[PDB]
Amino acid sequence: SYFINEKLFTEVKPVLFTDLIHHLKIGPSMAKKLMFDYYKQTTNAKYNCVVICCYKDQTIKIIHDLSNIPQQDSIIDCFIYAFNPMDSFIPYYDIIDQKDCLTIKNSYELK
Amino acid sequence: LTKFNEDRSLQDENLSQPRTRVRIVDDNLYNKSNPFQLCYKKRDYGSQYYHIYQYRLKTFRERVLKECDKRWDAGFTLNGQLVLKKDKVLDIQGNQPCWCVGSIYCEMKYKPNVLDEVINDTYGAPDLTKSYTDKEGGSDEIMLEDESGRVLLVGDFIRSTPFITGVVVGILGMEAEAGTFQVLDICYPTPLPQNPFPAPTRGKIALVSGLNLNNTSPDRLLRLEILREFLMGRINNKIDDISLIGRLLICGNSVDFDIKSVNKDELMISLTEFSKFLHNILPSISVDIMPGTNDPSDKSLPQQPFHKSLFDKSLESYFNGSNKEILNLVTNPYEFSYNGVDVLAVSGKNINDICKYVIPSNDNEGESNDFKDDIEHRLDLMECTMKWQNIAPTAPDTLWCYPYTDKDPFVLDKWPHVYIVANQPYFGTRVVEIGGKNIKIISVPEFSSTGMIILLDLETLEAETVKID
Amino acid sequence: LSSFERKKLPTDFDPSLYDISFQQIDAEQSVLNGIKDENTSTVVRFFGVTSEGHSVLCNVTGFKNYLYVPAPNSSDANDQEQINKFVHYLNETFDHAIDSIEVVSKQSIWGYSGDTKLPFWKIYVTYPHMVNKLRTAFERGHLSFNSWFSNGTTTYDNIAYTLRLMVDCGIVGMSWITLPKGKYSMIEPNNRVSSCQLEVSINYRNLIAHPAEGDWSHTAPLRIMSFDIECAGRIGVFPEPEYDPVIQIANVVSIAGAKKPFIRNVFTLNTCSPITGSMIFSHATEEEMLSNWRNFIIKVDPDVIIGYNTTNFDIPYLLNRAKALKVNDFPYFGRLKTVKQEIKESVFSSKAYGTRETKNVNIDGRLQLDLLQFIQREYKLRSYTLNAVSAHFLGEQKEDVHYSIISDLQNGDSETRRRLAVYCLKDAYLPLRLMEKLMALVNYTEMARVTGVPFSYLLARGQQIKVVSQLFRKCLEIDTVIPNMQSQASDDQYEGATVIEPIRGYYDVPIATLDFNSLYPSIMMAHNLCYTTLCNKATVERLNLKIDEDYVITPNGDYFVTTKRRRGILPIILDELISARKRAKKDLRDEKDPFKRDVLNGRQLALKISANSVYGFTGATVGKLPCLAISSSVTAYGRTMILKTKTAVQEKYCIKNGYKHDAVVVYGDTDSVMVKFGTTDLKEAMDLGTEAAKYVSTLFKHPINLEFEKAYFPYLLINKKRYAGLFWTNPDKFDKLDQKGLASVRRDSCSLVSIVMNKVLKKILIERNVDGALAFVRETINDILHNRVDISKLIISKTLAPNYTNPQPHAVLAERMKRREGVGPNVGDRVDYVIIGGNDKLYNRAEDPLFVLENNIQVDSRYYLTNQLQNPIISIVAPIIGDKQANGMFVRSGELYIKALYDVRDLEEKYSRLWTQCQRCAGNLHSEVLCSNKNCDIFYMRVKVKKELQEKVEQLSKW
DNA sequence: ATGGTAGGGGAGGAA
DNA sequence: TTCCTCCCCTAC
Ligand SMILES: Nc1ccn([C@H]2C[C@H](O)[C@@H](COP(=O)(O)OP(=O)(O)OP(=O)(O)O)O2)c(=O)n1
Ligand code: SF4
Ligand SMILES: [Ca+2]
Ligand SMILES: [Ca+2]
Ligand SMILES: [Ca+2]
Ligand SMILES: [Ca+2]
Ligand SMILES: [Ca+2]
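Residue numbers (the deposited numbering), protein chains in the order written: chain C, 6 to 116; chain B, 5 to 204, 210 to 373, 382 to 486; chain A, 94 to 984, 1030 to 1097.
As structure tokens, then:
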């Protein structure tokens, strides 16, 4: 469900919203919602929020300046990206187990 | 109010599928013959850098003459002493009009000279030398070499067009001071054929260049990961706009490191990170990696593809035989054929060096007819490089090459519909048309300084950009 | 062709109303068919050119060569009838040749015997060659007449006829002569013997010979003709005149002191396409080519046929070729119509110039200034090939066409022949540019005007002839004769000067340097040393001279008389020669161009070898007038001046006298004293050196002068006559880095050592980081051991010698080259070689670089590291770090694939740069570039990088 | 015919 | 293995 001790707090490495897809097998259009409700209510301790912003012209920016840019229109979606309560920066990535993809299967078999 | 816009952007579709979708299959032309491909064996470095020039002249003489028979024709009546005729560049005298063909060769003072560096014991220094031309000195000379002769050129035209070395275009002028020309008209070679592409069920291509990964992480790795996530459709609505992107094309400068200091340490961690990204992205998109100038590949321009050894063990399943459709690893200037749309791509060094010729250096005044600053002049340089049939004019002279013998791959044989040049500082596109044939010149920008990745449609050829930050 | 022939003579020209005034460039003895003037028929022909550009052939008629003998000591010697019977007897014996015997009162040049003048007999002869026979007869004693000269006598004033006329009339070489209006006669067109425009004849009493100072110091419009030839030789065999033709002959005739030549030609053997700016006389056969070239020279009438290696190769080749082609009228192209040019091989040996065999050709009336000889005399360089001297002086390395491709270029078509023609034009315009830059004519004109020898002696004979000429002129001024002394076959040596023991070490204190201006000349002028001031103890007792007032006893015990008694002539000669050096140094003081200040520095450094050679004259046992009592008496007086300076500065600038530190003279070589004042400041060390120069010069007699020369803030005194430091003249910026003797300024050390030592010294002395210096040293030792130094940096050069006892590497190499190619280096040519690897002895193991670059033989690296680079570097780094460290200095698949791929990425970026710089150099973008300018940096490098890139790519193929 | 002497340093050969 | 001639070159 929402195993939020080792998913956020003791998750001390910054937790990406794709880790939800890879672990809980949840979908992106649902993992964003899980992160959403989490930071809305479940939060109890200090946690830094990082949010992506995609516009009509397809611009993808994350710094989001905490105040605004022409958001008064042109914003298609605004998904809550990774959290970093450790607050510094710089996650690290690696090989990831596939076969959990609802995005798209490329075209071909790996042979 | 940041929280309320989040609340509004609550999308909660919640299916999107289990049911992974499939990208639209756009397949490169199966490996038949790549003119830019040289195995490391059979490279005979014995010959000199003169078979290249001889072949260029020998092949462009016909291309220029097929146009010069009609324009400047044998009965052309220029003001007086009509055109008298062709000649051999040295066999010219008098003030009568005349026209010959020759491989222009510039002579600038700031073009770095290796003999001077050796005699000054300063060989091996940083080669910053931002530009070659001497604008504030006017000392730049533009000769017209041929088989036997070297005629200096002066006039007004050499202030209009670039006139880059190595190119072979027939000139027409009046001998002024027994050594120079007074250029009057320039003949570019005959138009070159294209391939026909049928109008019809979709297609796109994600172009990206200048990744420049290293140990330092000023958002570079994070921008790359956001890129793969957006290419996964995980950043936007799932399909119908990202489901069909088809293929990625990394266009060089993927791994940037300091050769001068690191001693090959970071050049491995960068490659491991790059292989992590490739393993994360390959089950979803096919990828074609193309070596740049700052990459584990040759410095000679026909750079051969990346080696399988550079990549992590994780990707070994991809490097198995009969899997070129997933990962490609092509030579640097490559002639793809994606669903019939012949797209020719470069790492972007040729245009960089051409601009080094034309653009001035630190001057220490503003010209509109000249003084290419950097906005559209780069697209004009690519236009010329599609007029001048070869795609690397100053090849042996300033952007070094394997000293070919009896063949030069750079001189074009047929125009491609698309001509992508990489690592350009600015993004631009022009649907140029010359000789009844039209091509599309896309100029992909760097993915390090900027965030743009171009999405080129393969049925309307109207590329669009998407900026990542 | 309306520009060739000189300015036409004025129409209204007659022997009256005009004063032919011209500059004489040449002079040679000849006989003049016609009436004997003043009982003699021989004449001296003064070729020259007047101010407007007309040629001249003034024949100076009427001079009779004379021989001086002391009047025999007898009673009848004062009887006129006896003298007349004597000249009668001589005419009986010596072919009616002796004219008369004048009685003149002269004195000898040897010693101050008093103010009384002996009576001498001036024996005139009709033709000047008779004086040699007469002198031999007088010296042996064959004359038998009243027991006068039966024992034997010593003759006087032994000098050639031409120089005798030039001395008596007062004509220095390259000076101005004015034939007065109406005093001269013109040779009628029937009896003309030359091609010159004005061919006159004057009596020697009439002509006015101006001194070369004042209004008569300018120079006439000479016509310098440079040229060059190229021969089409058989394959693999050097061009031999008997079988290999001359195919082209360039020409760059020009006027002296002009910006650009006014003639260019190329006489080709076949048809040649036109070149812009240069006529092309294309002939059909070689005989016609040679004859037309001769006619061309005769029509142009150049004055100075300059070239590069023309004396040894070009002109002899042309002459032997014309001889082999039965062209009989070719070899007559001097200013005289019917004198054949012939080759006379002569050898010149000297300590300062070395043995070298030359093939002199007698082009009568025209100077010759083969630039090879001029440079081999004036400049010390590693090699003297045209490429290398052009790269050194002009600063340009240009293509040098391959030898074997000359035959193909010739037998191709008119375009290839135009290519040959432009090559020849470059080769022929090179010597003229060199002559204009180096200022050959101007310097040699000053030398021939100051000394007195003709211009032809400056490049064909040593310094003794200059001293002889100046001596004879001064003696003639002062009524003196020079006794003919048979050479004292040899000696061992006399005493030299003192080289103070060095306090070796590395000094961070400033090191002042106090030296004397022209030491030995100043001593000679100061203490009146001369031949005519020499004296002995008996003479002092006879004449009753007083000490320190009329004579001085030199620290060698020899006596000389003060200027109150006599004024020696060597003071006067030296005065002129070091007062001309002052006005040659008053020019580079006012010179801005940096390359002009190392040519105006080669003019003050040639009038200081010419003043220190007046001493060497007195010191040379072999060679006339050797007096080892003026020459071993300046070395003393030079050994008691450093011994007095090193004792005065060391004991004045001490703590007792109110100073901060005790001064210490750490070194000093024959005049200098590298005093270390003890202060760290540099503006104070210079301020003390300047004060010391004044105080010490106060102790000696005028003109002896000690001046503060330079300073060295960092100083590295390796050994005796070897050191290095920074050259400071003003206390705010250093001028350069001096290396006095170290293996970097030697020329028998590979260029690698020079470069390494210069960089090491630069770091240690200027940059002051010793650790960075050592790191570079270790970096080089790896390069040598891994074969990463280019052959251009491993070439050693030594001067071949005439004969050897202990075999030398370059000597065996020269023999082997002669055996391989058919021609090898001659005596006096520097031989270039690198030491290949092997087991047999060193001398058997040395090869021509072009043989190493054509057979890939392995350059011995252990030898270079151990012998060449080790000891110099150790010697210069041991003072800083101590000897121990110095000697110590010389005693998975992925990461593997990143290597051999960032190595090829460094070789294929140098390969292209080099093999496209060759194209930018030859200018030939479209055809093959075959270069053989083996004195080019990139030479030996392009092939190495190619052989390395091929191998590295072959190796990278495997992965 | 040919200016001088002092002196370092390399190669090698004999005792 | 230590002097002791040649031999080249330079410094003054
Ligand atoms: N080619 C030479 C150089 C020098 N000396 C002798 C005579 C000098 O008087 C003395 C001094 O040597 P220098 O090199 O210092 O020459 P000078 O000091 O005489 O000239 P200057 O002081 O003007 O530099 O050495 C010589 O006999 N032959
Ligand atoms: S080798 Fe190259 S750089 Fe050297 S002279 Fe020849 S062309 Fe010039
Ligand atoms: Ca020549
Ligand atoms: Ca001195
Ligand atoms: Ca001195
Ligand atoms: Ca001085
Ligand atoms: Ca010694």
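Just so you know, even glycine gets a beta-carbon here, dropped at the ideal spot from N, CA and C.
Residue-chain proximity (residue i, chain B), Cβ-Cβ < 8 Å
i        : result
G1061(A) : yes
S34(C)   : yes
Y254(A)  : no
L1052(A) : yes
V1091(A) : yes
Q63(C)   : yes
Pick from the options that is closest to residue i, judged by C-alpha positions
i        : options                                 : result
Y760(A)  : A729(A), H754(A) and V768(A)            : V768(A)
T271(A)  : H181(A), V124(A) and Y111(A)            : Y111(A)
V197(A)  : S615(A), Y159(A) and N862(A)            : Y159(A)
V122(B)  : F1077(A), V1042(A) and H620(A)          : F1077(A)
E1086(A) : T246(A), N1071(A), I973(A) and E1047(A) : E1047(A)
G427(A)  : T451(A), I398(A) and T404(A)            : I398(A)
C720(A)  : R658(A), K679(A), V920(A) and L622(A)   : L622(A)
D764(A)  : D651(A), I128(A) and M734(A)            : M734(A)
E17(B)   : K12(C), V20(C) and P33(C)               : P33(C)
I888(A)  : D1075(A), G1061(A) and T791(A)          : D1075(A)
Below-8 Å beta-carbon distance, residue i vs any chain C residue
i       : result
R447(B) : no
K484(B) : yes
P195(B) : no
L287(B) : no
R25(B)  : yes
For residue i, the residue or residues it bridges with in DSSP
i       : result
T733(A) : DSSP lists no partner for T733(A).
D321(A) : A343(A)
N407(B) : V428(B)
Assigned secondary structure, residue i (DSSP; H/G/I helix, E/B strand, else coil)
i       : result
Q963(A) : helix
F283(B) : helix
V535(A) : helix
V26(B)  : strand
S107(B) : strand
Contact set between residue i and chain A, taken where Cβ atoms lie within less than 9 Å
i       : result
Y54(B)  : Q1057, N1062, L1063, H1064, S1065, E1066 and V1067
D144(B) : Going along chain A, no residue has its Cβ under 9 Å from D144(B), so there is no contact; the nearest lies around 15 Å.
Per-residue contacts from residue i into chain A (C-beta, under 8 Å)
i       : result
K273(B) : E1033, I1036, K1037 and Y1040
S107(B) : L1063 and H1064
Chain B contact residues for residue i, given Cβ-Cβ distances below 7 Å
i       : result
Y113(C) : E334 and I335
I57(C)  : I244
C-beta neighbour in chain A for residue i, strict 8 Å
i       : result
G183(B) : yes
Contacts of residue i in chain C (Cβ-Cβ under 8 Å)
i       : result
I368(B) : The premise fails here: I368(B) is roughly 30 Å from chain C at the closest Cβ pair, so nothing lies under 8 Å.
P462(B) : Those do not exist, as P462(B) stays about 15 Å from chain C at its closest Cβ, beyond 8 Å.
Chain B contact residues for residue i, given Cβ-Cβ distances below 8 Å
i        : result
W1097(A) : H316 and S318
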